[PDB]
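See structure below.
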Amino acid sequence: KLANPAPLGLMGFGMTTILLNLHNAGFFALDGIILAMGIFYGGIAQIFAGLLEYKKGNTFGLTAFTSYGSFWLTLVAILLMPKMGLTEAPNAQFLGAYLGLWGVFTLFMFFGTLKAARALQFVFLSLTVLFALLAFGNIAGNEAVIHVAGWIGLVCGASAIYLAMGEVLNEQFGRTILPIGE
Amino acid sequence: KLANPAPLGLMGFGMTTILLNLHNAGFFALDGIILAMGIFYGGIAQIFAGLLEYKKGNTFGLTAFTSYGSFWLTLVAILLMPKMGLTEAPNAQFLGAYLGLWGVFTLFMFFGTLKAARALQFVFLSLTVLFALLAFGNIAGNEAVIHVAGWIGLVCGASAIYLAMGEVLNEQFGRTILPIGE
Amino acid sequence: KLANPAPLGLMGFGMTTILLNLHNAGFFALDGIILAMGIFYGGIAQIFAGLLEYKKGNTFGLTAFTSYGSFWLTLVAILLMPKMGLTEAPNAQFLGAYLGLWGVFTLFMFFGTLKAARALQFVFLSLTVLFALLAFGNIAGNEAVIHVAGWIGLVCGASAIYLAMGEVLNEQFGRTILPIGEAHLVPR
Amino acid sequence: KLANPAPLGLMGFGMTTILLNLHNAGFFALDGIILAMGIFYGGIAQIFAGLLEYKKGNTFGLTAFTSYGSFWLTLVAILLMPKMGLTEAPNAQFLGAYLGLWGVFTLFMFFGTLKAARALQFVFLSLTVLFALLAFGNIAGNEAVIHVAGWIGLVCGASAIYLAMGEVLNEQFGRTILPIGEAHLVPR
Amino acid sequence: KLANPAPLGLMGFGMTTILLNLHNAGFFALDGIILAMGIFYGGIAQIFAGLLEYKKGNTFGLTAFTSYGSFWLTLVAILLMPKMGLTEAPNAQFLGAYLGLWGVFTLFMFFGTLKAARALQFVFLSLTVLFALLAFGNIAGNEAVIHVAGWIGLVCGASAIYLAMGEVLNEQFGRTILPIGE
Amino acid sequence: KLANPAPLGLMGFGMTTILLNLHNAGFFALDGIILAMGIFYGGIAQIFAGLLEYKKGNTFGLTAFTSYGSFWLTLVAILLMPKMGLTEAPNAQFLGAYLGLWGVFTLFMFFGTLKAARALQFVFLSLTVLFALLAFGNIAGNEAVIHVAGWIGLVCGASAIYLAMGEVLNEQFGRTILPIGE
């Protein structure tokens, strides 16, 4: 059988999500830490994980990991293209619409997890909320909502890491080490 | 047994199409958000989706996704090469010709969808109209036509997202959740 | 059963050929539009089409698409590297020699299409003429020849798009929708 | 029968870990040597090793190598992007948080090695300690903790190289040349 | 069966070899024409052709095309790195030693073609001579020898194109259209 | 039935090794020639050769070629990043440690070759000595030792080219043309 690529994808998503949202929560400025993780781990590694779902027959995983890997690359390009003299910093309402579209994608995909493990359902539920809060905060110009999105993002990202490690450990031992609501 | 890559390609197309046409409908200036999405999601991710149709034996999909993924990359390059000092701003009538060719491609391909899902037919019909109106708009320098094109693009993009999530959810549940006319 | 990559390659070639030759025919200056298309569609997408011919066992398509995809990339690089301070602007006679070699390649490959669809023969015949005229035009500094070449290029590019869409539609419907002059029982 | 990619991944990880922690232990400044190795060997080569685990059915190795290859790339990018004018220099507490998350990942993965070779358990145990100490050191601004972490890192890196070469030699000779504590009949 | 990648490799090699050596012969300065062809066709396309020889079981082709594809990329980097402020223009004696090493490689590989088609033997014989002349010319500082190498390079490159097209046409028609001394 | 990729990797290693050590033996300054070869032939092509050993079931080769290909890329980056304004010139004692680690790797791998061709054993033994002498040389700042290392490197590189062409020619003729102790 082929390896399970989902833990790779979940880890890249989860760790990067936590780091971005430590900034959104207001602990840190928008550091190169986030941008670096967005490029290689949330971005490129997650895209690998999505592509690896193809031969596994997993349409959901292919769609999800490759899309959110692409999300991270788009976010980093949005943030860095002004540093390169290519564009201006984005209009925050337009950024909100973009985050909103990612939220709508996530909401539909959430309904797709309802016949899957509860842990995965929670990843997509909290991710839907995260995008919705980030979309609102940017469209309304409400920094308090962004701060709260940040905290939600910490839980979202942590839950993805939990799921990833539950999948690795449960496979390694051939039993439920970490329950993921299978 | 291979995964379905069409939702990936349709999502990349659909999201990026909506974002471009929020600018065309007159809500926002064109900034990095559109370009970032054009590079990585409407562009590269859609190209991945096209190449993944090869082993699925799907010529239409290989042709459509890889081409429209290429389209997004060409449009982004057209708009950023002037910022890089490599070219000057594109000629609008020339750009109109370029858009018209993409429209002609889309019209031929629309007749290809008559054998496929009704929702896919709507995507290609509305996409044909979108390219035609953006072509006329740029050639004739008619901003009112671009604006109408914008609204058509919002509907086109949304319909693509609808079909993508229909495909994912109908496969996840093993039954028609969202009717797409298949 | 693997997908047919030829329409992709033909589309990338055809669209890009048309845009370039709108310039050659004198309608527009050489624009970012041409360069962008040369990089990604005439270029990279056509290279993908060529590589996809390998597992289909199609030596001719592997050779053709990957080569002409490379042509488009070399052409964009010739034009942009001076903007990057990497090179000086190209010598016109040397450009003519380069176009001439692409022409010679195309002439030989044309003979490889004699058993293939008529529409594909037309693509390679007009392409041979297109390269020969561009080669002469640049070597001899004859703008009128370039303008004629431009028109031939529009026809060439358009015939490739026609062939691409015929292959797609004919496969989608499981019968001939757009006649492309497939060889059947009549000997070539 | 596919080759074993683990020695490649372990070597890239191990060498790069040693060089970084020669800096952490206070022997050298943070040099291009570390960054170069982080990009290509700890980084890209380790990513190749991870991807090669997919067809071997090895979820643990796919997850581990591709993740820690990405770690090395993110670390080099954090350090070089300010030189490129793309970002400002990293916040030390935020770097500590990042190192801490890598530490948490490593701790969970350590438990995944309990049925694997003892030498691999040692690699993941020392790596967990290594990340925890680097995390604390940066968060608390304690140089002494960083220096201790550095020494632990030399041991960690060295044990990975030992394990890599054991796997290579033991396979080459078809028997144990370097004991790595493979599980056999004794229950774990 | 898998496609034959040799004509691709031979074409990329052959066309690029002709263009470089129109300069070496003294017709033209060392134009971007050559550098562009060296990057994408003599370089990258030829590397593809080499990699495609792997599943064909062809050790000779894998070794030859991938190596000479790499040759072209090294030559272009040598020529462009000074334009990028990275290095000085190369020491010509050192360039000669480098060309000499490529000549030695080519000489051994020539002996490997002796049980293969005569046309291929001539490609490698003329290529050996080409490198030897370019090596001498640069080490001795003799521009006349470089000029003659240039002319030899035209014949070498043309012979590779001839072989490539002989392989394509002979396969297309299932007979000897162009004789290649099989 | 897959092609043998070892000649490719050995050639990339061998040529680039000879060129580097013409500088170390004191004939030339280090210029773009070495760096170009380090990037594309000693580097990338050797990496290709390593990855191609995977499906051949050859762990030693996957490990050796991909690692030494990576080595060349790291050395080139070390030397060019200062020219790019990204780092300062490397610390020689640090560089010595780095070279020593590569030597330690090479020594372990040498014991791996005792099961393989005698010519390959010579490549790894001489490579072990080369790394050891370059390490000592840089650490101790002893230029005489670097010089001796240079000559050892010329012999090491040449032996690699010999083995590569032995492998190609012995396979082409189906018999031992160049004895390599297999």
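In what follows, every chain begins at residue 1, and chains take the letters A, B, ... in the order their sequences are listed. Computed over heavy atoms, backbone and side chain alike; hydrogens, waters and symmetry mates excluded.
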## Note on the structure
Here the gap from B:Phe108 atom CZ to C:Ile177 atom CD1, rounded to the nearest 0.5 Å, amounts to 12.5 Å
### Query
Side chain of C:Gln172, backbone of B:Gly112: donor and acceptor closer than 3.5 Å?
yes
## Note on the structure
Nearest heavy-atom approach of A:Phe111 to A:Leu107 is CD1-O, 3.1 Å
### Task
Quick one: pull up CE in A:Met37 and OG1 in A:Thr17 and give me the separation to the nearest 0.5 Å.
9.5 Å
### Message
Looking at C:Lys56, I'd like to know if its NZ atom is crowded, meaning that more than 12 non-hydrogen atoms belonging to other residues, nucleotides or ligands lie closer than 6.0 Å.
### Response
yes
### Short side-chain to backbone donor-acceptor contact, C:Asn170 and C:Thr176, under 3.5 Å
no
### Message
When you measure from the side chain of D:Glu53 to the backbone of D:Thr59, do you find a donor-acceptor pair of N or O atoms at a distance under 3.5 Å?
### Response
no
### Task
Give the minimum heavy-atom separation between A:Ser70 and B:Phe40, together with the two atoms involved.
OG-O, 3.6 Å
### Check: A:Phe65 ring centre within less than 6.0 Å of A:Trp72 ring centre
no
### Query
Is the B:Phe28 to A:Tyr98 ring centre distance short of 6.0 Å?
no
### Message
Check the orientation of A:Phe105 and A:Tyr68. Use parallel for under 30°, tilted for 30 to 60°, and perpendicular for over 60°.
### Response
tilted
### Query
Side chain of A:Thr16, backbone of A:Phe13: donor and acceptor closer than 3.5 Å?
no
### Query
Which atom names give the shortest non-hydrogen contact between A:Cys156 and A:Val123, and what distance separates them?
SG-O, 3.7 Å
## Note on the structure
In this structure, CG of B:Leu10 is separated from CG of B:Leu120 (nearest 0.5 Å) by 7.0 Å
### Message
Do A:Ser67 and A:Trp102 make a side-chain contact, defined as non-hydrogen atoms from C-beta onward lying under 4.5 Å apart?
### Response
yes
### Query
Do B:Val104 and B:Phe131 come close enough that some side-chain heavy atom pair is under 4.5 Å?
no
## Note on the structure
One should read off an interatomic distance between B:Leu99 CG and B:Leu133 CG, to the nearest 0.5 angstrom, of 11.0 Å
### Message
So, taking the atom named OH in D:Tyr54 and the one named CG in A:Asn4, what distance separates them when rounded to the nearest 0.5 Å?
### Response
9.5 Å
### Query
Between A:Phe110 and A:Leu127, is a side-chain contact (heavy atoms from CB on, under 4.5 Å) present by the stated rule, with each step listed?
CA-CA 9 Å; A:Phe110 163 71; A:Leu127 181 55; over 6 Å; no
### Message
Can you confirm whether A:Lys1 is buried at NZ, in the sense that more than 12 heavy atoms of other residues, nucleotides or ligands lie under 6.0 Å from that atom?
### Response
yes
#### Entry: Value rounded to 0.5 Å, distance of CG in A:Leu95 from CG in A:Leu134
8.5 Å
### Query
Which atom names give the shortest non-hydrogen contact between A:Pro5 and A:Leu52, and what distance separates them?
CB-CB, 3.7 Å
